[PDB]
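Please read the structure below before turning to the comments.
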Amino acid sequence: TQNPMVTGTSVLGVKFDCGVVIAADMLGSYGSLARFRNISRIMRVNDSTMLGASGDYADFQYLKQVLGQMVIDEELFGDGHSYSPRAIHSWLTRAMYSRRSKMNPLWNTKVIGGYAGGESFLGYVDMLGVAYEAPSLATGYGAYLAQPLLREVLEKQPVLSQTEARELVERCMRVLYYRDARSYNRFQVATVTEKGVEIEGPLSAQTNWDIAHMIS
Amino acid sequence: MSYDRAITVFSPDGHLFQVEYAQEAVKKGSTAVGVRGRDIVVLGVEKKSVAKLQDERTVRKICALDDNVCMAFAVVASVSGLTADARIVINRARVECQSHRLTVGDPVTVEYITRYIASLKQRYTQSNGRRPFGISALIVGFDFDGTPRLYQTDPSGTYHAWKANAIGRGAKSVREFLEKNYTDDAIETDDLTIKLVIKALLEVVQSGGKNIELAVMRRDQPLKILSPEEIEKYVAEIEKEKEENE
Amino acid sequence: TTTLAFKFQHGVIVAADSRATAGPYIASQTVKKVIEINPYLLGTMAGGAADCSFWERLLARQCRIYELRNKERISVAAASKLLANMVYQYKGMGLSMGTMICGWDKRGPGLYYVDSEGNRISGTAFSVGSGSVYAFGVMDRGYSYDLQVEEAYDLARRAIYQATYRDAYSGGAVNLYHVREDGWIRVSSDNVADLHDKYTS
Amino acid sequence: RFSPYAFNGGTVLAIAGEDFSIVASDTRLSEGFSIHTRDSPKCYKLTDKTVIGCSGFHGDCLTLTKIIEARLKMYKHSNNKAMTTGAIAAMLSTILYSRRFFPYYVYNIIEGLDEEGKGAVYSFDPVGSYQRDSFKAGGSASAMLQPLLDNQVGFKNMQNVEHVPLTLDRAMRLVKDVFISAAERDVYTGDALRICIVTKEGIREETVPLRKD
Amino acid sequence: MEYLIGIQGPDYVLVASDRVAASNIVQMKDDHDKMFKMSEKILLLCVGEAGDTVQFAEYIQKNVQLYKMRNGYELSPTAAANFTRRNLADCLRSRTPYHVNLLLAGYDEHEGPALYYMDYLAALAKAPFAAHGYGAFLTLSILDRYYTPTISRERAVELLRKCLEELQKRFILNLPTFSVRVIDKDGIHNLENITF
Amino acid sequence: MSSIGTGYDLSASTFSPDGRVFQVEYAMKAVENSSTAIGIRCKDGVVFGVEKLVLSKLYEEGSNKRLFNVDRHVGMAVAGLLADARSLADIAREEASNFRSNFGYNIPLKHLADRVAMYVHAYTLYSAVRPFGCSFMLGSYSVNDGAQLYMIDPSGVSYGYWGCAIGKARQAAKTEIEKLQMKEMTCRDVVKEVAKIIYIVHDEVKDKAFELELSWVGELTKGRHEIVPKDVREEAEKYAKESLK
Amino acid sequence: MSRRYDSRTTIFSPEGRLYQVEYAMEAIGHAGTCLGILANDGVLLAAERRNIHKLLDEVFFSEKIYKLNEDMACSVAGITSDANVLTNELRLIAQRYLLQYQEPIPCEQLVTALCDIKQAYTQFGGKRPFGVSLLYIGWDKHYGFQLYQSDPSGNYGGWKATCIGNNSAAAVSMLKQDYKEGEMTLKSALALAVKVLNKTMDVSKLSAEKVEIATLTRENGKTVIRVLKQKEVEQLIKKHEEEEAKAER
Amino acid sequence: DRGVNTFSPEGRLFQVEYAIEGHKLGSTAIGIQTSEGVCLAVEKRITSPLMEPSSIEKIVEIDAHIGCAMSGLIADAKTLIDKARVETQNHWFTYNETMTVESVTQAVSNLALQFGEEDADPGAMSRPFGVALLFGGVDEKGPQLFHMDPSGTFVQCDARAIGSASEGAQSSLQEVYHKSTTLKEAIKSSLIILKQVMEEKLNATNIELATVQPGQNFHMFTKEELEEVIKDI
Amino acid sequence: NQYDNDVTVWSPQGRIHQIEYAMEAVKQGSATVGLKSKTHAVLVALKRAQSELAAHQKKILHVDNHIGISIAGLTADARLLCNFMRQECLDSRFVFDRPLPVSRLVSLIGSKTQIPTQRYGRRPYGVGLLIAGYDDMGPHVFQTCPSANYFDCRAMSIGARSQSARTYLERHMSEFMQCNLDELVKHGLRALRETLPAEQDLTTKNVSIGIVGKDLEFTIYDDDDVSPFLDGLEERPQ
C-alpha cells in the first residue's frame, strides 16, 4: 500500500545496515497488478563492481532509476581515473531529479537502497521518488513502511547493534506476513547482501508459509 | 551578423578604422546646427534639394525619434550625399527612444539616447558581421523638469551638454563660427536662436530657406516642422546679419 | 482603498501607516511583520494583496529605481516609477498575482501619486489603500482632506484614522509603523503601539 | 500534513526562541509521517560558514534541497565578493530560492538562525511563500502557528495594556527546548521520538540530542 | 448592454463625449478623478472603457506603434485606419477565451477626407455612426437620440441632454458615479468642459 | 604523404586537390611521433597496454593517461596529440552514456566504430573544428557480441582488428602479432604478449623512463573495464623483461 | 582561406561606404527601365521587360510589373533574379498591412519598411544587397496619389515622376519636361510613358512583347489595379506616336 | 584579416600591447583611496565655456554608493559600466548589502581579453578594450578603490592614476600621496598631478571631482562645492 | 606571419603553432607552487603590484570552501575559465552533494580549453591553473594547461624555469604526506625561489597563500596575513 500510480510492483525491500555490510531481502514474485507475472525475478542490479542496488516500489519506475544510476557510474569511469562511485553522490543526484518529476503527472515513491564503500567513504543511503533521502541504520519505504518498518525500527531503537543473523530470521518471518497480507505476491525470495568491495546475491529460491490462524 | 573575417583589427594608433570611415558615412547626412533657447530648442539641416517633383519629407536629416525628442545629424568630411546610412542609425535610435517612453512616460531624456548610442557603436565592433557606426547627433529634447536641453554626441563615444553646437563640413569649424556669434542675450531670446542656425547653414549651402528647413520643439507642444516658405523670409534678413558678425 | 495599509499625500509628505499582520494563516504570519521595509530610500511601495506579489515585485523595484537614477544622474519621478513598475509587472502577472503598489515622488507640482496595480492600472490618485477593506479606515480620514492639505490637519487625521481602525477592526499585533516619504529620502517617523494610540485618539 | 504533490507525509515541528544573546532552534529528530515513521536520523540543521546556520523543517525532501542551496549561497557571496556570508546576506538570499516555491506551494519553512551586526542575536522567519522579517518569538514548520504561542508568552512578555518587550535568558531557553516538544507530542504525535536542540550563538553551532520517554 | 459605461455623440461638426472616472477597488473610489480619456494627439482622442486595468495596457502598446507611423512620415497617419488596425489585432486575440476585449471610442480628424469617428464593441465591430455608447450607457442614450435631437443638433441642447443623461445614471443606474468628465469637441480640437 | 603549409589548409573546410586534406595528413604525423599503445583482441576479452609517461617521481595515475573507459565496459587507448584525444573521450563518454539510457545493453562495438569514424570525418568537413590528432582503438568484452577490437584513424576510417598497435613503428608490431596465434590463447596468455611489444617498439627520444599501465576487460573483471588484476599484472611484467633479454 | 580576401561587404571601405552597395547601381543601369508617372485621378507604371528576345509566349505577364495587392503595384529595375524573392515578400506585406488597416496601403509606408530589409543585408548577415530598385505606385488618402522609389542603399524618395533602370538621368528629365507638377491626366499620361520607353532601352525597338503597362485608376468604390493585355498596349504604342508631336508643339 | 590570434614568441598578445596607446590619447582619471572616503577626479575636457559641468558628468554612478571615473577611449567605458550597473543593482536586491569595490571590478575584467579574428560573440571581441576604469565606492569593509586595466586585471590600490601618461600620472601620485591621511589632503593630491601630466591646467569646469565618504551616498558636487575644491590645488 | 596565426596550419611534427604559443604564455607568467598532503592542499603564488602605494592582487582566487584555485598568466582569460569552474563545482554540490573530486573537474576544463585550438581564427587561452581540492579520499593538486593535458601530482610547480622547483619537490616528495599544513607552505616557499634568480629570495608581500581542506575552510592570505605561514624558509637551496 501507500503507492499512488503503480502497475508492476516490487512489494518489499528490507534494508538493514550492520557493520560493513547490508542485507536486503526482496521477493522474486513480481506482480503485474494482482497477478504474479514473474514468480522469480532478480530485482538486484549492478551499479558497479564496488556498489550494489536493491529496489522496492513499482518495478517500472525502478528500471527508470536504473538507467539514471547507470550513467552516473559511467561518468566516473569516463574521466580515466577509473573511480568507483560513492554511495552518497549517486543517490543524492537522483533525489533532485525526483523533486522535478513530481510536477508532471507521473508519480514516484520509488525506493532504492544503496550500500556502498568506495573511494574511501562508507555510505548507507536510501533514495526516494518524493526525494526523502537520508543516511540510516535501517530503512524501507512504500509498502515496506506500512507493515515491516515499524517492528524493524522498534527493535532497532534500544538495540542499535543488530546483526545480519538476528535480522535473517526476522526477514523470513516478515515475508511470511507479506504472502498472506499482500495481493502482489505469494512468497519466494532473493537474498542480496551488498558489501563495500563486491556485490553478492544468490538467486531467487522458494519459501513457503506456516499456518496457525484457524485455531480460534 | 555573419561574416568570416574580423570587422576591425587593432592598430598601435588607437583608432578604429571603421568608426572613422563611419564618420565620413554620416557627413553623407549633411550639415546640421542646433542651438538651445529658453523654451524653444531648434535644429536646422542643409540641402532639401528641391526640384518641385519630389517630396520634402523623404530627404530629411531631421528625424523624430519620439514626439518630444528629435535629432539632426552629420559629423566631419565633405563626401557625397546619401540620407540612408545615417537613416539606419536613426532607426536604431528611434527604437531606443521609444523603449524608454515605455519605461519613463514623461518626455524622455537626451542623456539616455546619447549614452546608448556610444555603447551601441563599441558593441558592433565585437560582432564580426555587424558594421560599426561613428556619428554625431544633435539630440534635442525636454526633461520632466521642463528645462531646455540640447546635447551632442561624438564618434569618440562621448556626449557633452551645450548652449549651441554645430556639426557638419568640419565639426570643429561650424562649431567655432557659432562660438563667435554667441552672446549671453541669444539663448534667452527666442528669436535670436533661430538666426544662429540659419547663419551656420547659409555658409555651406547656396540659396537657403529652400535648403534650410528647421524645426522648433517646445516644452508643452511636440515637434513642429516649419514650412520652408516661412524660413526663407528669415534667411533674407539673417544673411544681412551674417556678414556683420564676420 | 483597502486594509490598513494606507498612504495619502499632503502638501509636504506622504504619510504612510501600516499594521503588522493581515496576511495568510489563521494566526500571525510573523509576530513582527513589517511592510514599510527599507531596501532603499526614495518611497515605499505599499503591501497590496498577497505577501509574495508585492515583495517579489519589490526586489525588482529596488534594483530598477536605482538603475534609472544612477544612469541619468537625475532622480526618477512618480511617473517614471509608475511606467517602470507597470511594464515589469504585467509580464510576471499570470501566476495568480495582483498587487496595489505605489509610485511616489515629489515632482513639479508638489507630491505626485500614480496608482499602479499588477493587472496594469494607471490612474492618478492622492489616496491609496492596499489590502482588504479600508471602509472601516476611511471616514475619519476624510473630514479635513483635500488634494494638498496642511501638516496640522495631517497630524489630526493620521492619528485618528489609524487609531479608529484598531478599535473597529481588530486582528493586528504589535505596533503601528509610521513612515513619511519625501521625493528622495523616506524616514521612519515613530513606532507607536497600535493598542496604545487606539484609546487615546 | 500539506497536500500530496510533493509529499505523502513529512511532519516535523520546529520551535525557535530568541533571547538577546543566543537563539536555540529546536526541532524533533526523526523523519515521520506517511502512516508510520520512516527513519530515526537526519540532519536538518546546517551551518554554512560558522556565522550563519539555517535549519529547514517539515518534509525531509525539501530540507535536503533547500539546505544544500543555502550552502551554495555562501559559496556565491565568497567568490563573487571575497567575504564571509553574514546573517543579513543569507536571509535575503533565501528569498530568491523561495520564489520557486510559490506556484509549487509548500509548507516547509526554513529559518536562518545567527547573530546580526545590529547589536543583537537574530532569528529570522522567511515564510516558504516569500517575505522575510526578524522576530522575538517564532514557530516554523508543517504548522507555523502551532509552536508559536508558547514563545509569545514566555519571550515577548507584552501582557500589559500596551506592548513592551523583555527577552529571556539562555538557561530559560534550554529548558524551553526540552519542554516544548513534549507538550507538542500530546497535541500532535508528529513531534515524537527524540528532541534535537541546536544552539546557535552566531559564532558557533553546538548540538544536544535528548530522548523522549 | 455589455460592460462599463461610456457615451459619445458626433453631430459631424461637434462631438459630445463624457466618460466615467472610476477605477474602483472594493466599494470606494480610491481617487475621485481617474483617466479613461487618453490623448494620442490633440486632434486624436481615444476613450477606452471596459476593465480599469485592461484599458491602459492595450492603449500604451498601440500608442508607441501609432507614434512610429508619425515618426516616419512626419505628417499625420490615417487615424481612422489606426483605430481599425488595433481592432484587427483584437480580432486575432478574440479566438482565445481570454478577456482583453475593449469597448473603444475613436475620435479623430484625418486630413484630406475629414473627421472620422468609429465605434468599437467588446464583440469588436467597426462602425462610422451618428452616436454610439459602450456598455450600459449605450443602452441609456441610443433610444432618446433619434427622438430628442438631430445628428446636427446644437452644442447647448447636446450639453443639456448630456447633463441629464449623467444624472439619470446616478438616479437609475446601479453604477452611479458622482464625478463624470465632460469634454466638448468642435470641428478639430479638444476642449475640456465642466465636470459634473 | 602530401601537404604544404602554404595553400589548402588555410581553412578547415578547404579540400585539397589530391583528394585527401592536408590537415588529416598532419593529424596522422603527430600519431607517428608519439609512443606505442597496443590493444590485442583475445578470445575471452581484450587486453590493453599503454605506456604512461613519467617525467617526475611526483606523478600519480592521472598524469599523462591514455586509458579511458568510454563506457564502463568499452575502453579507449589513444596515441598521438593528447589534447584532442581527451576532448574526443569526453564527447564519446556522453555519446555512450546516452546510448545506454535508450538502448539498455552492453553496446556492440560495431555500431560505435561506424558512428565515431563518421564524427572524426565530420571535423575534417567543418570550419569551426579541425581534425582529431590521434588514432585510437576501442575495445570491449560483452556477452551480446563477445570480444571486439576496432581502430579509427584521424582520417575517419573504421576497420575491424584482431590485434592492432599504433606507435613509432606500426608495421613491425603488427607482423609480431601475426606470428602468434591468439586462437590458441585465452585472455590470460594475451596479457604477457602485449606487455613485451611496447618495450621493444618504442624508441626513447622524448621519454626518460615510462610506466606500463594495462587494463582488462575480460574474464576476471566481468564485462566491465577495470584496471588489470594483480596476479595478471605480475605474469605480464616478468615476461616483458625476459623478452628484452 | 577567407582572411586574405576583400569584398568589403560589411566592412567599410576607404571611401567611407561599402563596395557592394555602390556596385549594385551599375547593374541596375544596363537592365530594363521602369517609370511611374502621376495623373489627376490615378497613377500608372510603365516598364521595359528584361527580355530583349523576339519571341515571348507570355506565360507570366508580370515579368517586370507585378500587382501585389488590389491597392498597389510595383516595377522592377535591375536583375529579374533578386526581383523574384522581393516579389514574394511584397505579396505578403502589402496584404498584411491591408488586413489591419482597411484603407489603401500608403505608398511611403511600404517603401520605408522594405528599404530597411535592403540595408539590413549590406550591414549585416554577410549577404549582398539586392540588385533591384523597385518602383512602387499606390494611393492613400493622406498624401493623395503617390509614387515612391526604392534603392539597394536603403534610400527612398517621394516623387511625382521618376524613372530608374537604364539611362536614368535622361529619363527623369524627359518625364519632367513633358509632365510638370499635376499637369497631365491618366490617359494622356499612359502615352507619355511609352514615349520615354521607346527612346530609352537597353536594346531598341519598342514592341508589345517588350513593354508592360499598368494602371491604377480609382473605379466606383474600389481602386483597381490591372496589368493591360498586349492588345491594349498596342493602342497606346500608336498613341505614343501621336504624343511625340504633342510634347514638341 | 591580418592576424588577431597574434602571439609573440615571449608569450603575450601583440593586440593587448597595442591597446594602451589609445588610452594615452584619451582622458585622464585619478582615484585615491582614503580612510575617510574615496575621491574621484576626472577630465571634463573643456573646449567651449558653454559646456555645463552640473548637467553632464564623467563621474558616474554604478550604485548610489559607488562611483566610477573613466579614462582612455570614451565609447569603451560605457559598455563596461552598463553591464556593471545591472550586476550591482541585482546584487543589492538579493544580498541587501552594498557591493564590494572588488566584486564589481572582477566582472568587467573578464571582457578585456577574449578576442579572436573569427568565432566572435558578445562575450568575445574582435580586438581587446584599451580602457582602464577606476571603480571607487564605499562598502562594508570600508572605503576601497579597485583598479581595472586594459589587460583585464584587477588590483587593490590606495592610489592609482591613469591618463595621458599612465605610468607618468602614477609616478607623480607616488611622490605626493601617503597611505593614511585626511580627505582634503587626498582631494588635493588628486588635482595636483592632473594638471601637470595634461596639456590642460586646473579649473573648476576643466575637471570634475565628487567625493564618497562611508556613511554617505554617492554625491555629485554642486557648482559651488566643485569650486571649493579648486582653491587647494 | 599569417600561416602562424592560422589555427589550421600545423608543423610536420603535427603541432599547431597556436597551441605552442599558448603554453609559453604560462611560462612568462609568475611561478606558483601547488602541493598536497593527506589532510590539506596548499597553493603558494608569487604576487606583483603596480606601485608602492598599492596592495598586491590576490593570485589565489576563491571558488568554494573546499576547492580553491591559483592563476598564473592572463587574468582576463583566467576569469572565463573561473566562471566555468565555479559554475560546475556549485552544480555538483547542489545536485550530487559530494565535495567534488579534483580529478573529475579538471578533465571537463580540458575539454573547453581544447575548443579554441580546433576553431579557425580563435586563439587558445594561455593561463595556468593549479587547482587545489579536498574530497573524501583526501587532497589532490591537479594542474591543467592551456591544452587538455592535465597532471595528477603530489607537488608541482609551473612558471619560469619550473623544472628546478621539481627537483626540491622530488627530494621531499614523501615527506609532504606526513607534514603539517604549516610545513607544506614552508616547503612551497623553498620551491618557489628556485624559479626566480639566485640573486633574489622571497619577501612577505609578494607571497600569497591559499589553504584548502575540509578540516578548515578556504582562506586567502594577502600581503600582511601571510606572515604566520611564511616563517621557516631556507635562502636559495642549490
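So you can find residues: chains in the C-alpha cells are A, B, ... in the order shown, residues in each start at 1, and ligands are numbered from 1 in order.
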
Which neighbours of residue 71 in chain A fall inside 10 Å, counting only C-alpha atoms, when residues of the same chain fewer than 3 positions from it are skipped, and could you give them as an mmCIF file with N, CA, C and O atoms, in the first residue's frame?
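Result file is selection02.cif:
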```
data_model
loop_
_atom_site.group_PDB
_atom_site.id
_atom_site.type_symbol
_atom_site.label_atom_id
_atom_site.label_comp_id
_atom_site.auth_asym_id
_atom_site.auth_seq_id
_atom_site.Cartn_x
_atom_site.Cartn_y
_atom_site.Cartn_z
ATOM 1 N N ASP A 47 25.173 -1.561 -10.077
ATOM 2 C CA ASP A 47 25.554 -0.167 -10.394
ATOM 3 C C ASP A 47 26.943 -0.245 -10.984
ATOM 4 O O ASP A 47 27.279 0.365 -12.028
ATOM 5 N N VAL A 66 17.322 2.892 -12.617
ATOM 6 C CA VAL A 66 18.380 2.056 -13.043
ATOM 7 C C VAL A 66 19.194 2.722 -14.197
ATOM 8 O O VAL A 66 20.444 2.687 -14.205
ATOM 9 N N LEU A 67 18.494 3.319 -15.221
ATOM 10 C CA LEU A 67 19.114 3.947 -16.388
ATOM 11 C C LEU A 67 19.809 5.173 -15.989
ATOM 12 O O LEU A 67 20.972 5.456 -16.473
ATOM 13 N N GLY A 68 19.251 5.983 -15.053
ATOM 14 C CA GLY A 68 19.836 7.160 -14.443
ATOM 15 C C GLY A 68 21.039 6.905 -13.575
ATOM 16 O O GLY A 68 22.014 7.550 -13.717
ATOM 17 N N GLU A 74 29.070 5.509 -15.053
ATOM 18 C CA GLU A 74 29.722 5.629 -16.314
ATOM 19 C C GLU A 74 30.552 6.932 -16.270
ATOM 20 O O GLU A 74 31.681 6.864 -16.771
ATOM 21 N N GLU A 75 30.054 8.029 -15.665
ATOM 22 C CA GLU A 75 30.685 9.291 -15.695
ATOM 23 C C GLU A 75 32.033 9.331 -15.039
ATOM 24 O O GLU A 75 32.903 10.022 -15.616
ATOM 25 N N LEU A 76 32.113 8.634 -13.942
ATOM 26 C CA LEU A 76 33.258 8.445 -13.067
ATOM 27 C C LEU A 76 34.302 7.587 -13.690
ATOM 28 O O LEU A 76 35.488 7.985 -13.737
ATOM 29 N N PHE A 77 33.884 6.484 -14.360
ATOM 30 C CA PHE A 77 34.765 5.652 -15.106
ATOM 31 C C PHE A 77 35.363 6.481 -16.314
ATOM 32 O O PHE A 77 36.466 6.241 -16.781
ATOM 33 N N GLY A 78 34.479 7.403 -16.838
ATOM 34 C CA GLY A 78 34.530 8.184 -18.012
ATOM 35 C C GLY A 78 35.751 9.065 -18.032
ATOM 36 O O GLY A 78 36.453 9.294 -19.027
ATOM 37 N N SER A 90 25.671 9.339 -5.955
ATOM 38 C CA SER A 90 24.778 8.843 -6.978
ATOM 39 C C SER A 90 23.361 8.882 -6.499
ATOM 40 O O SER A 90 22.431 9.406 -7.242
ATOM 41 N N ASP F 71 32.664 3.864 -22.066
ATOM 42 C CA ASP F 71 31.502 3.417 -21.370
ATOM 43 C C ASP F 71 32.012 3.082 -20.031
ATOM 44 O O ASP F 71 32.688 3.917 -19.373
ATOM 45 N N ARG F 72 31.793 1.837 -19.665
ATOM 46 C CA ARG F 72 32.340 1.412 -18.400
ATOM 47 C C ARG F 72 32.631 -0.135 -18.629
ATOM 48 O O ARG F 72 32.831 -0.882 -17.722
ATOM 49 N N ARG F 93 32.165 9.786 -24.233
ATOM 50 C CA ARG F 93 31.665 9.364 -22.910
ATOM 51 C C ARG F 93 30.240 9.688 -22.877
ATOM 52 O O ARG F 93 29.395 8.851 -22.552
ATOM 53 N N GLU F 94 29.870 10.870 -23.385
ATOM 54 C CA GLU F 94 28.483 11.343 -23.496
ATOM 55 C C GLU F 94 27.710 10.615 -24.486
ATOM 56 O O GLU F 94 26.506 10.296 -24.287
ATOM 57 N N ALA F 96 28.232 7.446 -25.434
ATOM 58 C CA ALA F 96 27.985 6.147 -24.876
ATOM 59 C C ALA F 96 26.912 6.081 -23.836
ATOM 60 O O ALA F 96 26.141 5.139 -23.758
ATOM 61 N N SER F 97 26.912 7.121 -22.907
ATOM 62 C CA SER F 97 26.035 7.226 -21.779
ATOM 63 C C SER F 97 24.597 7.372 -22.346
ATOM 64 O O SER F 97 23.715 6.730 -21.720
ATOM 65 N N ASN F 98 24.309 8.209 -23.398
ATOM 66 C CA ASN F 98 23.006 8.465 -23.950
ATOM 67 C C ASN F 98 22.462 7.166 -24.539
ATOM 68 O O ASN F 98 21.288 6.819 -24.555
ATOM 69 N N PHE F 99 23.324 6.342 -25.159
ATOM 70 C CA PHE F 99 23.070 5.080 -25.808
ATOM 71 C C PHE F 99 22.564 4.099 -24.795
ATOM 72 O O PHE F 99 21.604 3.411 -25.048
ATOM 73 N N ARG F 100 23.157 3.972 -23.582
ATOM 74 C CA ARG F 100 22.882 3.133 -22.504
ATOM 75 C C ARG F 100 21.548 3.473 -21.915
ATOM 76 O O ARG F 100 20.681 2.636 -21.671
ATOM 77 N N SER F 101 21.164 4.758 -21.822
ATOM 78 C CA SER F 101 19.874 5.232 -21.378
ATOM 79 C C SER F 101 18.765 4.731 -22.198
ATOM 80 O O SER F 101 17.729 4.222 -21.763
#
```

inquiry  = When DSSP is applied to the backbone of this structure, which of range 107-246 of chain G are assigned strand (DSSP E or B)? Write them out as a ChimeraX atom specification.
reply    = /G:132-140,144-150,156-159,161-164,211-218,223-227

Expected file contents, prior selection, N, CA and C atoms, as a short mmCIF file (atom, residue, chain, number, x, y, z; two decimals), in the first residue's frame:
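Output file result31.cif is given in full below:
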```cif
data_model
loop_
_atom_site.label_atom_id
_atom_site.label_comp_id
_atom_site.auth_asym_id
_atom_site.auth_seq_id
_atom_site.Cartn_x
_atom_site.Cartn_y
_atom_site.Cartn_z
N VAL G 132 18.18 45.24 -57.12
CA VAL G 132 16.92 45.69 -57.61
C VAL G 132 16.40 46.85 -56.78
N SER G 133 15.95 47.82 -57.55
CA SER G 133 15.37 49.06 -57.16
C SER G 133 13.98 48.77 -57.62
N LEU G 134 12.98 49.01 -56.76
CA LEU G 134 11.58 48.64 -57.01
C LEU G 134 10.90 49.92 -57.00
N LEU G 135 9.96 50.13 -57.94
CA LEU G 135 9.31 51.43 -58.13
C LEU G 135 7.90 51.20 -57.70
N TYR G 136 7.41 51.85 -56.62
CA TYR G 136 6.17 51.47 -56.02
C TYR G 136 5.25 52.57 -56.46
N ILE G 137 4.02 52.13 -56.84
CA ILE G 137 2.95 53.12 -57.10
C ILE G 137 1.71 52.63 -56.30
N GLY G 138 1.03 53.65 -55.66
CA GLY G 138 -0.10 53.32 -54.78
C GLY G 138 -0.85 54.57 -54.47
N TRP G 139 -1.91 54.51 -53.63
CA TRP G 139 -2.74 55.61 -53.25
C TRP G 139 -3.20 55.36 -51.86
N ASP G 140 -3.08 56.39 -51.04
CA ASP G 140 -3.59 56.57 -49.71
C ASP G 140 -4.17 57.96 -49.70
N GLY G 144 -2.47 61.57 -50.99
CA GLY G 144 -3.06 61.56 -52.27
C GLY G 144 -2.49 60.45 -53.12
N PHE G 145 -2.40 60.66 -54.50
CA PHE G 145 -1.78 59.81 -55.45
C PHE G 145 -0.29 59.80 -55.20
N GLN G 146 0.41 58.63 -55.26
CA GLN G 146 1.81 58.64 -54.94
C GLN G 146 2.58 57.78 -55.86
N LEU G 147 3.91 58.14 -55.88
CA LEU G 147 4.97 57.29 -56.49
C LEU G 147 6.15 57.36 -55.55
N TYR G 148 6.73 56.19 -55.22
CA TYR G 148 7.91 56.17 -54.34
C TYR G 148 8.87 55.27 -55.02
N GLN G 149 10.17 55.47 -54.75
CA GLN G 149 11.26 54.86 -55.49
C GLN G 149 12.07 54.12 -54.36
N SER G 150 12.61 52.90 -54.53
CA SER G 150 13.30 52.10 -53.58
C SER G 150 14.68 51.82 -54.15
N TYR G 156 15.00 56.09 -50.04
CA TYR G 156 13.66 56.25 -50.50
C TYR G 156 13.47 57.65 -51.01
N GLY G 157 12.43 57.77 -51.93
CA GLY G 157 12.15 59.10 -52.40
C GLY G 157 10.73 59.22 -52.86
N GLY G 158 10.18 60.37 -52.52
CA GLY G 158 8.81 60.80 -52.79
C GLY G 158 8.84 61.53 -54.06
N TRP G 159 8.12 61.06 -55.05
CA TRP G 159 8.29 61.58 -56.38
C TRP G 159 6.94 61.79 -56.93
N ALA G 161 7.19 62.15 -60.70
CA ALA G 161 7.50 61.43 -61.95
C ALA G 161 9.01 61.16 -61.86
N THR G 162 9.36 59.85 -61.94
CA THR G 162 10.79 59.48 -61.82
C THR G 162 10.95 58.22 -62.62
N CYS G 163 12.19 57.92 -62.98
CA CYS G 163 12.46 56.71 -63.71
C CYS G 163 13.76 56.25 -63.21
N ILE G 164 13.88 54.89 -63.12
CA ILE G 164 15.08 54.12 -62.60
C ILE G 164 15.21 52.93 -63.46
N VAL G 211 7.17 45.62 -73.73
CA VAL G 211 6.60 46.55 -72.77
C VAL G 211 5.46 45.93 -71.99
N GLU G 212 5.20 46.35 -70.75
CA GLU G 212 4.00 46.01 -69.98
C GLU G 212 3.59 47.24 -69.28
N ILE G 213 2.31 47.61 -69.38
CA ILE G 213 1.82 48.89 -68.89
C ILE G 213 0.75 48.54 -67.88
N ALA G 214 0.82 49.19 -66.68
CA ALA G 214 -0.13 49.01 -65.56
C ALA G 214 -0.80 50.33 -65.07
N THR G 215 -2.09 50.26 -64.75
CA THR G 215 -2.92 51.38 -64.38
C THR G 215 -3.44 51.10 -63.04
N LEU G 216 -3.50 52.25 -62.31
CA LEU G 216 -4.10 52.39 -61.04
C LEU G 216 -5.05 53.47 -61.47
N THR G 217 -6.34 53.16 -61.42
CA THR G 217 -7.27 54.22 -61.66
C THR G 217 -8.29 53.80 -60.58
N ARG G 218 -8.86 54.87 -59.91
CA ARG G 218 -9.87 54.59 -58.91
C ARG G 218 -11.21 54.47 -59.62
N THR G 223 -10.34 50.79 -55.85
CA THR G 223 -9.13 51.20 -56.53
C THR G 223 -8.74 49.97 -57.17
N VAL G 224 -8.67 50.00 -58.55
CA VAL G 224 -8.46 48.92 -59.41
C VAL G 224 -7.08 48.95 -60.04
N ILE G 225 -6.39 47.80 -59.86
CA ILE G 225 -5.02 47.61 -60.30
C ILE G 225 -5.19 46.57 -61.38
N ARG G 226 -4.73 46.92 -62.64
CA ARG G 226 -4.82 45.98 -63.71
C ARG G 226 -3.48 46.12 -64.40
N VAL G 227 -2.94 44.96 -64.95
CA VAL G 227 -1.88 44.96 -65.90
C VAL G 227 -2.58 44.83 -67.24
#
```

query = Could you pull out the alpha helix (DSSP H) residues of range 24-183 of chain E from DSSP and send them as a ChimeraX atom specification?
reply = /E:52-73,79-93,136-147,155-171

key: All residues 12 Å or closer to residue 17 in chain E, only C-alpha atoms, same chain fewer than 5 positions away omitted, as a PyMOL selection string   = chain E and resi 5-11+36-37+45-48+105-107+117+131-134+137+155+158-159+161-163+165-166+180-186+190-195

inquiry  = Env of range 58-74 of chain D: 8 Å cut, atoms = only C-alpha atoms, seq-sep filter 6 positions within chain, self excluded. Answer as a ChimeraX atom specification.
reply    = /A:95-96,99,130-133 /D:7,9-13,31,44-46,48-49,84-85,90,93-94,97,107-110,141-142 /I:90,93-94,97

message = Residues of chain I were defined as contacting chain A if any atom lay at most 7 Å from it, counting only C-alpha atoms; please report them as an MDAnalysis selection string.
response = chainID I and resid 95:98 104 107 136:137

ask   = Counting only C-alpha atoms, which residues of chain G come no farther than 10 Å from chain I, as a list in words?
value =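 Applying the cut-off to the listed atoms yields residues 1, 3 and 4 of chain G.
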
CA of residue 133 in chain D to CA of residue 172 in chain C, straight-line distance in Å = 15.8 Å

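In this model, the gap between CA of residue 79 in chain B and CA of residue 24 in chain B comes to 6.7 Å.
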